[PDB]
Amino acid sequence: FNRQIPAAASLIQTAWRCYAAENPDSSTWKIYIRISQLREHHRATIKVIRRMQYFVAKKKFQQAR
Amino acid sequence: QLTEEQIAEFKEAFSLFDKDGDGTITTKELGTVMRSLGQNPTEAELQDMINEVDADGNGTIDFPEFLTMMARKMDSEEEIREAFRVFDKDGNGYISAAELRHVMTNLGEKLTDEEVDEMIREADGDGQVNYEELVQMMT
Ligand SMILES: [Ca+2]
Ligand SMILES: [Ca+2]
């Protein structure tokens, strides 16, 4: 029932999480529970993963439309 | 703009994904990194992520494909602005901070309250979130 409500939510979430990651002190970094300390090698791969998820959420939004 | 330092940074980021050194990122290697960070993705998620970057249909990601992905910017502001319209009920250009928090923390990726706080706290004055300001900040 309106397959865009989830797709539009995820595009906003992934776009904001991708934008908030450029700030190393944003609250978006506090969600990685299983990591005791967030070293520099974690933030490099997290930036990449969040960019990929934004691209997926970008395509899924256009597909529902 | 053909940045130079970014290549040195990107090649390092590509190395953390390509444990082989065969110049190729596969879904197994993508899931290995995600699982190391406490994430539990599915094969559909992993290949959706690789299909999005695999420009030549190889099924994998080489460094120049990674570099094109990282060099992208954000156009894409119309799609994001259209995404907010799904949750703009009055059509005025505002989402309620209570509505945004409810939709963002419960649907899709599920942000945290403090994550949504940064959204509302960037937004303006009384709980009426101007999403056009948000579309602007990320672009
Ligand atoms: Ca490899
Ligand atoms: Ca490829």
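- Per the deposited record, X-ray crystallography is how this structure was determined, to a resolution of 2.6790 Å.

**Side note on the overall build of chain B**
Logical step 1: Tallying secondary structure elements over chain B gives eight helices and two strands in all.
Logical step 2: The order of α-helices and β-strands along chain B, N terminus first, is α-α-α-α-α-β-α-α-β-α.
Logical step 3: Taken over C-alpha atoms, the radius of gyration comes to 19 Å for chain B, far larger than the 14 Å a tight globule of 139 residues would show.
Logical step 4: C-alpha atoms of chain B, sized along the principal axes, occupy 55 × 35 × 25 Å.

**Points about unusual backbone geometry**
With the exception of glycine, most residues fall at negative phi, and the peptide bonds are largely trans.
Logical step 1: Notably, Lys110(B) is not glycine yet its phi reads approximately 65°, a positive angle.
Logical step 2: Mapped onto the fold, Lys110(B) is located in the loop between α6 (97-106) and α7 (113-120).

**What to know about the interface of chain A and chain B**
Logical step 1: Contacts between the two partners involve 38 residues from chain A, matched on the other side by 44 residues from chain B.
Logical step 2: Those elements giving two or more residues to the side of chain A that touches chain B turn out to be α1 (4-20) and α2 (40-64) of chain A.

**Concerning the side chain of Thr105(B)**
Residues and elements named next belong to chain B.
Logical step 1: Along the polypeptide, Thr 105 turns up in helix α6.
Logical step 2: Here the side chain of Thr 105 touches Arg 101 through a polar contact of 2.4 Å, landing on its backbone oxygen.
Logical step 3: A polar atom in the side chain of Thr 105 sits 3.5 Å from the side chain of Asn 106.
Logical step 4: Apart from the residues within four sequence positions on either side, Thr 105 is in contact with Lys 110, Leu 111, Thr 112, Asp 113 and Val 116.

**A word on the environment of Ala21(A)**
All names here are of chain A.
Logical step 1: If you trace the backbone, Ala 21 turns up in the loop between α1 and α2.
Logical step 2: In this structure the C-alpha to C-alpha distance between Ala 21 and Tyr 32, which are 11 residues apart in sequence, comes to 13 Å.
Logical step 3: Look past the residues within four positions of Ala 21 in its chain and what remains in contact with it is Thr 28, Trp 29, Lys 47 and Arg 50.

**What about the packing of helix α2 (residues 27-36) of chain B against helix α3 (residues 43-51) of chain B?**
Residues and elements named next belong to chain B.
Logical step 1: Direction vectors running N to C along α2 and α3 enclose 115°, while the axes themselves pass 9 Å from each other. One way to sum up the angle between α2 and α3 is to call them roughly perpendicular. Of the two possible hands of crossing, α2 and α3 adopt the one that is right-handed. Across from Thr 27, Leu 30, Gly 31 and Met 34 in α2, the residues of α3 making contact are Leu 46, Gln 47, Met 49 and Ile 50.
Logical step 2: Here the residues of the contact of α2 with α3 sort into five nonpolar, three polar and no charged.

**So, the environment of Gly59(B)**
Residue and element names in this part refer to chain B.
Logical step 1: Considering the arrangement of structural elements, one finds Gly 59 in the loop between α3 and α4 (63-71).
Logical step 2: Through-space distance from the C-alpha of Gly 59 to that of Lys 73 is 24 Å; in sequence the pair is 14 residues apart.
Logical step 3: Every residue in contact with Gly 59, bar those within four places of it in the chain, is listed here: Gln 47, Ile 50 and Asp 54.

**Here we look at the side chain of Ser27(A)**
Logical step 1: Of note, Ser27(A) is situated in the loop between α1 and α2.
Logical step 2: Within the structure, the side chain of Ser27(A) is placed 2.7 Å from the side chain of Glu118(B), a separation counted as a polar contact.

**A closer look at the pattern of salt bridges**
Logical step 1: The shortest N-O distance in the salt bridge between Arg65(A) and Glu82(B) comes to 3.5 Å. Within this pair, whereas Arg65(A) is found in the segment after α2, its partner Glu82(B) is found in helix α5 (residues 77-85), the two belonging to separate chains.
Logical step 2: In this structure, the salt-bridge partner of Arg85(B) is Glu82(B), at a minimum N-O distance of 3.0 Å. Of this pair, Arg85(B) and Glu82(B) both sit in helix α5, three residues apart, which is roughly one turn of the helix.
Logical step 3: Bridged by salt links that share partners, the residues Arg65(A), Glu82(B) and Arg85(B) form one connected network.

**A look at the packing of aromatic side chains**
Logical step 1: Between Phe14(B) and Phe63(B) the ring centres are 5.4 Å apart and the planes differ by 75°, which places this aromatic pair in the edge-to-face class. Of this pair, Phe14(B) sits in helix α1 (residues 5-17) while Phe63(B) sits in helix α4, and the two are 49 residues apart along the sequence.
Logical step 2: Between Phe84(B) and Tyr131(B), the ring centres sit 5.1 Å apart and the planes meet at 5°, which makes this aromatic pair stacked.
Logical step 3: Three or more aromatic residues joined by ring pairs form one cluster here, namely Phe14(B), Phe63(B) and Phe66(B).
Logical step 4: The ring of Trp29(A) has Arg43(A) sitting right over it, with the charged end atom 4.2 Å from the ring centre.

Parameters and conventions
- Residues numbered from 1 in each chain as written, not as in the entry; some residues may be left out.
- Chains lettered and ligands numbered in written order.
- Heavy atoms only, no water.
- Residues with missing side-chain atoms left out of burial classes, pairs and counts.
- Helix = DSSP H or I, 4+ residues; strand = E, 2+ residues; numbered from the N terminus.
- Rg over C-alpha atoms; globule rule 2.2 N^0.38 Å.
- Contact = heavy atoms within 4.5 Å.
- Polar contact = N/O pair within 3.5 Å; in protein donor to acceptor, adjacent residues only side chain to side chain.
- Axes fitted to C-alpha atoms, helices over the stretch in contact; angles between N-to-C directions.
- Parallel < 35°, antiparallel > 145°, perpendicular 65-115°, else oblique.
- Left-handed = near helix turned anticlockwise from the far one by under 90°.
- Nonpolar A, V, L, I, M, F, W, Y, C, P; charged D, E, K, R; others polar.
- Salt bridge = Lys/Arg side-chain N within 4 Å of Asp/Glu carboxyl O.
- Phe/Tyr/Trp six-rings, centres within 6.5 Å; stacked < 30°, edge-to-face > 60°.
- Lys NZ or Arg CZ within 6 Å of the ring centre and 35° of its normal.

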